[PDB]
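Convention: sequence-line order gives letters A, B, ...; per-chain numbering from 1. Hydrogens, waters and symmetry mates are skipped; everything else that's a heavy atom, side chains included, is used.
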Amino acid sequence: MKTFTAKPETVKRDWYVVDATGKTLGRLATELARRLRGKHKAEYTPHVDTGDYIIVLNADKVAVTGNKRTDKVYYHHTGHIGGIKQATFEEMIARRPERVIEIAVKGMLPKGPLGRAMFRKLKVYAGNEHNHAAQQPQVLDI
Amino acid sequence: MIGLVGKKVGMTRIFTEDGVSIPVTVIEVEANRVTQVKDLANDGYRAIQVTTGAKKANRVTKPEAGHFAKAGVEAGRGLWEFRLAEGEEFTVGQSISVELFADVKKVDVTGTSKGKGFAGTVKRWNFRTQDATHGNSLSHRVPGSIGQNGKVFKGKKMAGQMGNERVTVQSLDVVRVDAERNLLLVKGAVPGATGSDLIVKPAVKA
Amino acid sequence: XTXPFXX
RNA sequence: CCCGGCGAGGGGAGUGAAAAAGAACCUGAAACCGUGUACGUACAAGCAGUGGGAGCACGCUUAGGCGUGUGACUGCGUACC
RNA sequence: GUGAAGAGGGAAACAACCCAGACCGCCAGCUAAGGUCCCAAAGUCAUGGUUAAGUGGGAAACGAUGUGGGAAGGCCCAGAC
RNA sequence: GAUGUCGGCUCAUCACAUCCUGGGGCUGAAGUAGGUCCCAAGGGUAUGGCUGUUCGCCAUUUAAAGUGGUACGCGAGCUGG
RNA sequence: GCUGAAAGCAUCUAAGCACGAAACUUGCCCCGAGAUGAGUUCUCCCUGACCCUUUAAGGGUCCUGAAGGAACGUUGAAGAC
Ligand SMILES: C=CC[C@@H]1/C=C/C(=O)NC/C=C/C(C)=C/[C@@H](O)C[C@@H](F)Cc2nc(co2)C(=O)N2CCC[C@@H]2C(=O)O[C@@H]1C(C)C
């Protein structure tokens, strides 16, 4: 018979909460994408979103090795001739620390309507507070 | 601190005692009234909401009627906002006069510029006109090249709408303040045509 | 033939 | 007989085996242009398909869970001579 | 020797390089090159070491108490440097 | 079985091996004024005479009158010496 | 540059700490919630009767039609439309 394939109309999606303080950037976000994609579920399906919502707190306390806190550059363009603007790891945390994890995931996820839908299941907060407890979230020691 | 809303009445000449002519841009700053006083507990920034002028009864909308009736203040001709510098306090229904600019000596006016409509590169970007004779073929007041040997870079200076946009002139010397007439004599020229509404705020550039 | 097109 | 400009062009009646033969006439393909219905489609990037495949609609089905059409999302994929 | 006249897998993409010679079909498995955190199928695997430069992931003469390791030597409780 | 060539005009744009302005080290830097080297590309960066000229010489200025890439930038934008 | 070991001294550095340019981030000005992550505040308007039906975010009928908008018109120091 045809191999099992998940259906997004009747698939379950759970909620979880995380604290990245002290965690390494890549070794941490690597596990995020693995979960928002559904590779940790038995009903895994590449063309379906079988992932679990996540709420990571304390994004302004990630851990990094070497001088990446100063040497790691975050280039990007605006669509102009000068365009190119650079920002070190420190300049981002102080101004917008959420984008650090939001960007690391963007590079670990597929490129398409699906990979962008996984991101939507990702919620980051620079502090330790949130207004998502109404969803009955759970803990995750990753 | 905060500014005010007025009308551009025109320009005239002011003769001093030494025989000097100071250009001025008279402004009819009618008595302003506050409509809302917002804080951080609800909105998230210390500012106010001020209107002025008047409006017809059977022409203003009901939504705004309650918005103005809430503060017991007669309707105006519009609505504006001013941020507070951590040391300003006001209350709804409070009327503000032109005397607020009594001891400032400088302001930065703001208003919409005149409407030139579809303009060319010369009228707009001060482009250099090509030769009018000596071979020119239908290319007198044209731009010329717009690139290289394969896309036109963004922001390329081209023809288009010129004017009818927000414009802010800075550091204009004040000359006189007549509260009896609700006027303000600002030195120099300001954007907008006669009758247009314009903002007047103290100068931050000193 | 005459130089540039088609002088 | 009727609409219409005592028009063109049409609609009934009528002839005839045929008017879905109106002489712009046997048969009447395709490109091309349209009306109607089902499905899909306005956060989505590239030879426009292929493999897999959710959902929707209809017909089956003695509910048999198959087939037809649509094809969200997804891997690979740069026409022919 | 391959290509031309040879697809397939890998080298990010890349006729000539590496692996390997497509009769057709299956939603069976073991392997080669090459790889095994994520995009992206498979070890955040095991032991003992090295590097701190993101070197790795572009490069010489030449310079340098970088750093680990290896065999000696000179001078050292006659007091050395 | 067509990729139109110098220069000028116009409109520009990036690189930094910096012309000026900015920040410094040594100076056979007294001072003023220079020389040399380092960091720095934010903005700015001559007009005319002769010549088709780019270039170059000359005159007079300027804080300085930068070096180069862009089909020796730019003819479906002009010119055609 | 201060302090200061490694290396009894010395050293701007390895840990720590203080200066430092028209670059970069800011502050000045304009666009700006299609920021599909599609935001936030205030105020205003609608408080029907049933049927049937794959009984559902279902369909249809009668009554009801506000807030407001648009259209039209007279026009603009707004404007190609
Ligand atoms: C008496 C007439 C002069 C005569 C012209 C011959 C001729 O047949 N010209 C027609 C032009 C064809 C073009 C522009 C074809 C493009 O598709 C490809 C070219 F762009 C490539 C290219 N051309 C050149 C250099 O590179 C090149 O040298 N020329 C192009 C313009 C004329 C010139 C030339 O060939 O001149 C000759 C001189 C020398 C005797």
Side-chain angles (χ1 to χ4, degrees), chain A residues 1-3 5-11 26-34 37 39 45-49 65-68 71-72 81-82 85-88 91 94-95 98 102 104-117 119-120 122-123, chain B residues 8 35-36 38-39 42-45 47 49 61-71 79 108 110 112 114-118 121 125 127-131 134-140 142-149 152-153 156-158 161 163-171 192-196 204-205, chain C residues 3-5 7:
Chain A
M1 24 163 290
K2 274 72 71 167
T3 294
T5 192
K7 300 97 170 65
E9 189 187 2
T10 67
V11 72
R27 251 167 283 286
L28 182 270
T30 300
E31 309 298 347
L32 276 294
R34 144 167 165 75
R37 187 144 143 79
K39 294 177 93 280
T45 325
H47 66 101
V48 190
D49 193 21
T65 64
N67 302 274
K68 277 187 277 166
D71 299 49
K72 196 189 202 314
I81 320 91
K85 325 297 276 289
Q86 70 192 155
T88 51
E91 296 177 1
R95 191 146 47 73
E98 295 84 352
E102 295 174 1
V105 171
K106 281 274 187 175
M108 295 174 180
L109 285 179
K111 277 68 179 187
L114 203 77
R116 301 143 101 162
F119 189 100
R120 306 199 183 95
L122 184 55
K123 299 297 192 176
Chain B
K8 179 171 187 170
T35 291
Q36 188 168 8
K38 33 179 66 176
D39 63 71
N42 187 20
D43 292 315
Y45 64 104
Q49 187 163 14
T61 81
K62 293 225 296 179
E64 311 290 13
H67 189 105
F68 298 122
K70 176 178 177 179
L79 285 161
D108 306 349
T110 303
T112 191
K114 279 189 172 176
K116 322 294 197 192
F118 204 116
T121 54
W125 305 111
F127 272 20
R128 287 187 59 159
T129 290
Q130 274 192 81
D131 312 78
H134 285 11
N136 194 262
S137 321
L138 326 185
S139 296
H140 301 297
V142 306
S145 178
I146 66 181
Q148 308 83 347
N149 223 328
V152 189
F153 293 133
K156 188 72 181 67
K157 282 164 176 164
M158 287 186 155
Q161 185 72 10
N164 197 322
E165 57 179 355
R166 193 185 170 83
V167 171
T168 296
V169 77
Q170 294 166 338
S171 323
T194 76
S196 53
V204 58
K205 295 283 235 61
Chain C
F5 189 83

>> What I want to check is whether an N or O donor and acceptor connect the side chain of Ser139(B) with the base of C78(F) at under 3.5 Å.
In response: no
>> Stacking test, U78(D) against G77(D): centre separation of the six-membered rings below 5.5 Å and plane angle below 30 degrees, yes or no?
In response: no
> In whole angstrom, what separates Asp39(B)'s CG from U40(G)'s P?
Replying inline: 17 Å
> Mind checking which nucleotides bracket the chain A contacts on RNA chain D, 5' to 3', with an atom under 4.0 Å from a heavy atom?
Replying inline: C43(D) to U74(D)
> Between the base of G54(E) and the side chain of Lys68(A), is there a donor-acceptor distance below 3.5 Å?
Replying inline: yes
>> Applying the Watson-Crick and G-U wobble criteria at under 3.5 Å, what pairs with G74(E)? Answer none if nothing qualifies.
In response: none
> Under 4.0 Å between a side-chain N or O of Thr168(B) and OP1 or OP2 of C30(G)?
Replying inline: yes
> How do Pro8(A) and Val48(A) order along RNA chain D: which one's closest nucleotide is nearer the 5' end?
Replying inline: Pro8(A)
> Is a side-chain donor or acceptor of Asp108(B) paired with a backbone partner of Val169(B) at a separation under 3.5 angstrom?
Replying inline: no
>> Using a heavy-atom cut-off of 4.0 Å across all strands, would you classify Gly112(A) as base, sugar-phosphate, or nothing?
In response: sugar-phosphate
> For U36(F), what is the paired nucleotide under Watson-Crick or G-U wobble rules, both distances under 3.5 Å?
Replying inline: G25(F)
> Over how many whole Å does the gap from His47(A) atom NE2 to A40(E) atom P extend?
Replying inline: 14 Å
>> If a pair has to be Watson-Crick or G-U wobble with both distances under 3.5 Å, does that hold for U70(D) and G55(D)?
In response: yes
> Quantified in whole Å, what is the P atom distance between nucleotide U74(D) and nucleotide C39(E)?
Replying inline: 15 Å
>> Whole angstroms only, please: what is the CG-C1' distance between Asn149(B) and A76(F)?
In response: 13 Å
> Does any nucleotide pair with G49(F) by Watson-Crick or G-U wobble geometry, both distances under 3.5 Å, and what is it?
Replying inline: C57(F)
> Mind checking who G9(D) pairs with, Watson-Crick or G-U wobble, both distances under 3.5 Å?
Replying inline: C3(D)
> To the nearest Å, how far apart are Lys106(A) NZ and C39(E) P?
Replying inline: 16 Å
>> Any donor-acceptor pair, under 3.5 Å, between the side chain of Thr30(A) and the base of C37(E), if you only look at N and O atoms?
In response: yes
> Considering every strand shown, what is the Watson-Crick or G-U wobble mate of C17(G) when both distances are under 3.5 Å?
Replying inline: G1(G)
>> What contact category does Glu9(A) fall into here, base, sugar-phosphate, or nothing, at under 4.0 angstrom with non-hydrogen atoms?
In response: sugar-phosphate
>> Any base atoms under 4.0 Å from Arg120(A), or only sugar-phosphate, or nothing? Heavy atoms, all strands.
In response: sugar-phosphate
> Checking all strands, does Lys2(A) fall into the base, sugar-phosphate, or nothing category for heavy-atom contacts under 4.0 angstrom?
Replying inline: base
> Counting just side-chain N and O atoms, does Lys39(A) come under 4.0 Å of either OP1 or OP2 of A41(E)?
Replying inline: yes
> In whole Å, what is the span from the CZ atom of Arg34(A) to the P atom of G43(E)?
Replying inline: 10 Å
>> Pick the closest RNA chain D nucleotide for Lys111(A) and for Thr5(A) by heavy atoms, then say which residue is nearer the 5' end.
In response: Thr5(A)
> Between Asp131(B) and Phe153(B), who's closer to the 5' end of RNA chain F by nearest nucleotide?
Replying inline: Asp131(B)
> Does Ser145(B) get its side chain close enough to the base of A12(F), under 3.5 Å, for a donor-acceptor pair?
Replying inline: no
> According to a 3.5 Å cut-off on both distances, are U21(F) and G42(F) Watson-Crick or G-U wobble paired?
Replying inline: yes
> Does the pair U13(F)/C14(F) satisfy a centre-to-centre distance of less than 5.5 Å between six-membered base rings together with a plane angle of less than 30°?
Replying inline: yes
>> Between the base of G79(G) and the side chain of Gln161(B), is one N or O donor paired with an acceptor at under 3.5 angstrom?
In response: no
>> Please report the distance separating the P of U15(D) from the corresponding atom of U35(D), rounded so that it comes out in whole Å.
In response: 39 Å
>> Determine whether neighbouring nucleotides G59(D) and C60(D) are base-stacked, defined as six-membered ring centroids separated by less than 5.5 Å with an interplanar angle below 30°.
In response: yes
> So what's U54(G) paired with, Watson-Crick or G-U wobble, going by both distances under 3.5 Å?
Replying inline: none
>> Please determine whether a side-chain nitrogen or oxygen atom of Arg128(B) lies at a distance below 4.0 Å from atom OP1 or OP2 of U10(F).
In response: yes
> Which one is paired to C62(G), where only Watson-Crick or G-U wobble pairs with both distances under 3.5 angstrom count?
Replying inline: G48(G)
> Passes side-chain contact (heavy atoms from CB on, under 4.5 Å), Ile146(B) versus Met158(B)? Steps please.
Replying inline: CA-CA 9 Å; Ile146(B) 66 181; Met158(B) 287 186 155; 4.3 Å; yes
> Which is true for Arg27(A) with a 4.0 Å heavy-atom rule: it touches a base, it touches only sugar-phosphate, or it touches nothing?
Replying inline: base
> For the pair made of NZ in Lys85(A) and P in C24(G), what is the distance, rounded to whole Å?
Replying inline: 9 Å
>> Going by the glycosidic torsion and a 90 degree boundary from 0, is the base of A13(E) oriented syn or anti?
In response: anti
> Hey, does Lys116(B) reach any base, or is it just sugar-phosphate, or nothing, if we go heavy atoms under 4.0 Å?
Replying inline: sugar-phosphate
> Looking at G75(D), is it paired to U50(D) in the Watson-Crick or G-U wobble sense, both distances under 3.5 Å?
Replying inline: yes
> Do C81(E) and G76(G) make a Watson-Crick or G-U wobble pair, both distances under 3.5 Å?
Replying inline: no
> Hey, does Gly117(B) reach any base, or is it just sugar-phosphate, or nothing, if we go heavy atoms under 4.0 Å?
Replying inline: sugar-phosphate
>> Within the 4.0 Å heavy-atom criterion, would you say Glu165(B) contacts the bases, only the backbone, or no part of the nucleic acid?
In response: nothing
>> Return the pairing partner of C72(G) with a 3.5 Å limit on both distances, Watson-Crick or G-U wobble; otherwise return none.
In response: none
> Reckon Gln86(A) touches a base, only the sugar-phosphate, or nothing at all at heavy-atom distances under 4.0 Å?
Replying inline: nothing
>> How many whole angstroms separate atom NZ of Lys38(B) from atom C1' of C42(G)?
In response: 8 Å
>> Stacking check, if you would: do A19(D) and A18(D) have six-membered base rings whose centres lie under 5.5 Å apart and whose planes meet at under 30 degrees?
In response: no
> Taking centres under 5.5 Å and planes under 30° as the test, is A23(D) stacked with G22(D)?
Replying inline: no
> Between atom CZ in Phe127(B) and atom P in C11(F), what is the gap in whole Å?
Replying inline: 6 Å
> Pick the nucleotide of RNA chain F nearest each of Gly82(A) and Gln130(B); which residue has the one closer to the 5' end?
Replying inline: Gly82(A)
